[PDB]
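Chain and residue survey
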Amino acid sequence: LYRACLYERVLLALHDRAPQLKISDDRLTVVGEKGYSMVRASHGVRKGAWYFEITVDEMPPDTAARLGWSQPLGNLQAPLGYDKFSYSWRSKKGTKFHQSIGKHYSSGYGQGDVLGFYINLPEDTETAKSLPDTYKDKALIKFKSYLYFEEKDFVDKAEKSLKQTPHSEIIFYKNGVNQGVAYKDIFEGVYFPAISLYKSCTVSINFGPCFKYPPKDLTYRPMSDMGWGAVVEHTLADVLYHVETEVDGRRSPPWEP
Amino acid sequence: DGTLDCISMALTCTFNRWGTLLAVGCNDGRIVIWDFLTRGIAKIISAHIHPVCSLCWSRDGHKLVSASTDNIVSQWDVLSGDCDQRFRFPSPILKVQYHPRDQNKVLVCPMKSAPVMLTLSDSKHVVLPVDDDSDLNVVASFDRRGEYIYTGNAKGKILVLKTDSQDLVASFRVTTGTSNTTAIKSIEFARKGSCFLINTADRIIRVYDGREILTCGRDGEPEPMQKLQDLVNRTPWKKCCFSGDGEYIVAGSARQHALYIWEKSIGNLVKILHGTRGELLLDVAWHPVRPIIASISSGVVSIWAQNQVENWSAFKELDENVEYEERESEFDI
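Per the PDB entry, chain B goes by the name Retinoblastoma-binding protein 5 and belongs to Homo sapiens. Its UniProt record, at the heading Subcellular location, says of chain B: "Nucleus".

Naming follows the PDB entry, where chain A appears as Set1/Ash2 histone methyltransferase complex subunit ASH2 of Homo sapiens.

Here you go:
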C-alpha cells in the first residue's frame, strides 16, 4: 500500500470537498451553485510559519467567497468559519469570520484581489507539550472501480476553554501589502488552508515559487514545501506502521526533532 | 356532475340574462323556473297543454317567450306567469327568439314556412325573405346586438339581412368541402364579441366572425374562424353553444350522450363529459357568466360546474419542490 496522492503539485485535495463543489484545474479554481461550501488543500500545517495566496477571478455582487484556515472537524458544507475551528475572511469587505462571528478588525477587500495569507504556529512542543505520536489507521477498500484507503479522523471537540497556541498568529496581505493581523488566538490541532464558496464564486489557491508579492523571509515556507514535507512524513508513517505489524521492534533518535 | 330531482319532463331550458334562473319546459307543457343559488324552483307556469320546445328570456328578464308543440306561442311575465300575448301559426314553430335589444320584437322560425319577426306592442309580422324559395327549413337568429338576422337553409345557403329592412346585407353558401350543400342545423352567436357558430348536417361546426361575412359581401367565400368535429366518432350534434365569454364551445353528442368542449382561438378540444349511456341527450346550455353547463336528457337535467384549485388547497401552497436560494449573509450573524 501507499498514500500516493493524485497530484503533480500540492493542490486542493479532491478527497475533502463537498459533492456540491466544482473545480477547474485550468486555474484549479473552485466554484459552487447553491449556498456555501468548503474545500481544502492537500497539505496541512503542524508547526512553523508559512504562507500562500488566493487569487479571485470572479466576484459578482451575489458572489462572496471566504478564504482562510480550518482545522479538521471542519464540516466542508459550512462557510469556513461557522465553527470555532475555522478562521477566514469574507470577500465582500475585509471582515474576519470565526465562530460565525464577523469582526471588522480588518482592511477592505477588492474584487480583483490577489490576497496573501501568512500564518505562524509554534513548534509541536508548545502545541502539545507531550508526545506528538502519529499512529495511523489504514483500511483497504475497493470502491466501484478503484482502490482507496480509509483512515479514522478526529471527533468533534467540545473544547470551551481558551488555551491559545503560544506565539501563533495569522496575518493578511492585499497583494503583499499588510492588511494586518487577523487572529492571534489560535487553538491547537493541525490547520489547513481552506476556501468557502457562495453561489458561483471563482477563487483559487496558489503556492510560492510563482508568487507575485512574496515576503522575503527565510523561515516561512510556500505551499509546495510543506506539501512534500507532509507527503514524505506520511510515507514514513506507512513505513513505521508496516514495520510495527511486520517486524518486532521500533527505535527513534534523540527526540528533539 | 349534479342533477335536480324537483323537475320532471325536462325538454328545453334557457338561462336568464345573468345566469341566475333557468326556465325549463316540461312535457305537460309547464314552465319550471328553477333558481341556481337557492337551488330550488322559483316559479311554475301553466303554459300549454302541449310540451314547450322553445323558450327565451327577455333582456330585463321580466318576459319569457314560449312555444308549444300546438303551434302556440305565448309571452309570460316571469313575476306573474300570465300569458301576456298568444299567437298561432301554420307549419309548427321550430324556434322563438326575443330581439336582444328590443324585447317588443321577436323572431320565429316555423317548421315549413319562412321565419317571421313579430312585435308585441302591435300584433304585426314581417316575413323574412328566402333565397331559394324552396328551402322549407331555414333556421334564423339575431346577432349579439340584434342588428342583423342570420338565416341558414337546408341547402347550406346563408343570408345576412338587416333586422329593420330585411335587406340582404351579406350572403354565402357553406360547402361540404367538395361541392355539396348541407342542412344548416342551427346558428348560434356569442353574447360577447362577434364570433358565431353554425351546426350543420355534416356534423361539422363552423365558427366564423360576422364582421368577415359583412366585409365578404353578398355571394362570397368567407372562410370559418374554425372547423370543429369528432374526427374519431363522426358524431352528430343535437345542440351546441358557446361559453359565456365566447372562448369555449360545447357540442352535445346525442348519439352517445356526451359533451365535447373545444376552444375558440386554437380550437383544440378542452375536454369531454360523459353522461348516462342510457340517457338520450336533448338540450344543452352554458351558464352565461359561470363555467356551469346545463344538460337536458331523457327529461332529466344535469349540471356541470368547474372549480378552481382552492376549496381545500388554500402555509403557501406549492406544486413542485423549490430549491432554497441561499444568500451571501445566509450564514452571517
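Points about a nonpolar patch on the surface
Residue and element names in this part refer to chain A. There is a patch of nonpolar side chains on the surface, built from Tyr2, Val231, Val232, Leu236, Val239 and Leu240 and spanning about 480 Å² of accessible area. As for its placement among the helices and strands, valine 231 is situated in helix α2 (residues 223–246). On the basis of relative accessibility, which here comes to 35%, the residue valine 231 falls in the partly exposed class.

Considering the side chain of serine 302 of chain B
Residues and elements named next belong to chain B. In this fold, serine 302 is placed in strand β27 (residues 300–304). Among the polar contacts made by the side chain of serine 302, one reaches the side chain of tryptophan 304 at a distance of 2.9 Å. Leave out the neighbours within four places in its chain, and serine 302 touches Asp1, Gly2, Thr3, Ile293, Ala294 and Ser295.

Here's the deal with unusual backbone geometry
Residues and elements named next belong to chain B. One non-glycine residue, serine 91, lies in the positive phi region at around 55 degrees. Mapped onto the fold, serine 91 is located in the loop between β8 (83–88) and β9 (93–99). The class of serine 91 is buried, set by a relative accessible area of 9%. In the Ramachandran plot, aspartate 219 falls in the positive-phi region, its phi being about 55 degrees despite a non-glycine side chain. When you line up the elements, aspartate 219 lands in the loop between α1 (210–216) and β20 (226–228).

What counts as what
- Residues numbered from 1 in each chain as written, not as in the entry; some residues may be left out.
- Chains lettered and ligands numbered in written order.
- Part of a larger assembly, values for the part shown.
- Heavy atoms only, no water.
- Residues with missing side-chain atoms left out of burial classes, pairs and counts.
- UniProt positions renumbered as here; feature names shortened; annotations may be inferred.
- Patch = residues over 30% accessible without salt bridge, like charges linked within 9 Å, V, L, I, M, F, W, Y side chains within 5 Å.
- Areas by Shrake-Rupley, 256 points an atom, 1.4 Å probe, with all protein chains shown as cover.
- Salt bridge = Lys/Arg side-chain N within 4 Å of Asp/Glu carboxyl O.
- Helix = DSSP H or I, 4+ residues; strand = E, 2+ residues; numbered from the N terminus.
- Buried < 20%, exposed > 50% of the residue type's maximum accessible area, 1.4 Å probe, protein only.
- Polar contact = N/O pair within 3.5 Å; in protein donor to acceptor, adjacent residues only side chain to side chain.
- Contact = heavy atoms within 4.5 Å.

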